[PDB]
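>>> sequence, then the experimental structure. Questions to follow.
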Amino acid sequence: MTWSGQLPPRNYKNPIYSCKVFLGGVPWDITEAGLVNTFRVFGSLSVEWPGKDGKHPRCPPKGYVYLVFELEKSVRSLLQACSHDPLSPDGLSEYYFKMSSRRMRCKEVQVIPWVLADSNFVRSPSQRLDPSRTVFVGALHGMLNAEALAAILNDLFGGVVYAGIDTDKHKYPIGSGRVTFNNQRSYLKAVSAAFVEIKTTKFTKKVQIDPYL
RNA sequence: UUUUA
């Protein structure tokens, strides 16, 4: 029970990016200080790091970092300084650069923006939400289209009334995945049995359920 | 060495 490339035909290219972006790679034991100097501008620049939720259950030499800043002009200045795939902002775009040239210089850091659009949506009719029928989901790329998560949670076992990514860590969008239903059977059976290998011929990932308590 | 409730 798996499928790929069956995502909605809807696309857009007219809007611009938001104040938040991700910065993957950085396996060189650096901290958020690496991005506070990489994106130093005369305007605002604020760091963003989840701090391992203060639990610090692990401490690998690798990790991933983030930032948020009001320079929409610098967001496009660094997305044109970085390069990999200048494709559509519908999650099809991607960029890369590097932070070393004398040690482990065989890699590049991943650079991915976010758009001015809302992070959650569903194609089904709307219904009221409750914490008793929702979940937070991970094991995914930290970023996916809400209309794609709507189709995956609407096709693999039954229908759904809300899906996508939810906003956190700051006043700007995106942070972690979420989905909500109106029946407990379609609820945990779809989001926990979505072991499928999700693909759109330019991205590959999986999804897993996690309770809020 | 690929993403924050």
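Sure thing, it's come through. Numbering: from 1, shown residues only, chains lettered A, B, ... in the order given.

>>> alpha carbons only for contacts and neighbour counts from here, please
Noted.

>>> quick check: residue A:198 touching residue A:156?
No - between residue A:198 and residue A:156 there is no contact, the gap being 11.3 Å when judged by C-alpha atoms under 8 Å.

>>> so for these two, which sits in the more crowded spot?
Neighbour count, other C-alpha atoms under 10 Å: between residue A:198 and residue A:156, residue A:198 has more, with 22 against 19.

>>> what comes up buried for stretch A:39-58?
Burial within stretch A:39-58, assessed by neighbour count using 16 or more other C-alpha atoms under 10 Å, is assigned to A:39, A:45, A:48.

>>> so is that stretch next to RNA strand B?
Yes - under the criterion of C-alpha under 7 Å from any atom of the strand, stretch A:39-58 makes contact with RNA strand B via A:48-53.

>>> ok now that stretch, how far from the chain's centre?
Chain-centre distance of stretch A:39-58: 16 Å, with C-alpha atoms, centre = their mean, to the nearest Å.

>>> nearest the geometric middle of chain A, what residue?
residue A:143 (1.8 Å; C-alpha atoms, centre = their mean).

>>> ok, that one to residue A:21 distance?
As judged by C-alpha to C-alpha, to the nearest Å, residue A:143 and residue A:21 stand 11 Å apart.

>>> how is chain A divided into domains?
According to curated CATH domains, chain A comprises the domains A:13-116, A:117-213.

>>> any chance of JSON lines for the ones you listed, columns distance to residue A:6?
Shown next, in JSON lines, are the domains of chain A (distance: least, C-alpha to C-alpha, whole Å):
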{"stretch": "domain A:13-116", "distance to residue A:6": "15"}
{"stretch": "domain A:117-213", "distance to residue A:6": "8"}
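
>>> just name the most buried of these.
Mean neighbour count (mean count of other C-alpha atoms under 10 Å) peaks for domain A:117-213 among those, with a mean of 17.

>>> that one and RNA strand B in contact?
Yes - judged by C-alpha under 7 Å from any atom of the strand, domain A:117-213 comes into contact with RNA strand B at A:136-138, A:140-143, A:168-169, A:174-176, A:210-213.
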